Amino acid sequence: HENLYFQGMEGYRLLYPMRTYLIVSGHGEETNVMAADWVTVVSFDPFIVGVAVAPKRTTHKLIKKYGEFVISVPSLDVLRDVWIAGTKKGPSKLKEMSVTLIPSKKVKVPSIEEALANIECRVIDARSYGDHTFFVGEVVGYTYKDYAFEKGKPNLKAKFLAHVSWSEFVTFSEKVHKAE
């Protein structure tokens, strides 16, 4: 991580491996995509999510400007596009990405056709905690690939993406352990 003055494992690695998502922001020619690991659900009813975004991301500027974002769920198969989203800066990176933008249902920010799911969000809060803004978004629509969620739960065959360390990613075992 940049800005690690005392060399060693970043403390946050203790929560890893974490899922990796894509955050879409802006629209029209301002459409941008970045990689985000620091995403979670914050409410069931209503459905509300949150994502921690550094002020230095172009994505940060776009979410503040428009008050909307999309969380797109990538699979392992689009890793190259995820790595571009997480390493290049601003809307020009899209020319380098195999992803197709399609209209969202409720938000003006586009969805990604290849994503396993697209979760459409309106910003309801933006708190600063240390070196990131935690953008909290009420979910106002969603679409998904029917097969990635057949029978109302994730289908592990879809290769949902997770992040181990800087350059290294994994998916899940297909081997399900039942708790009851």
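All residue numbers refer to positions in the sequence shown, first residue = 1.
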property: Per the entry, higher mean C-alpha B factor between 33-41 and 65-73; result: 65-73
property: Higher-scoring stretch by recorded Cα B factor average, 1-9 or 170-178; result: 1-9
property: Residue of maximum C-alpha B factor among 142, 135, 47, 147, per deposited coordinates; result: 147
property: Entry-reported Cα temperature factor of residue 125, expressed as the chain third it lands in; result: middle
property: For residue 84, the third of its chain into which the C-alpha B factor falls; result: middle
property: Cα B factor band for residue 157 (lowest, middle or highest third within the chain); result: highest
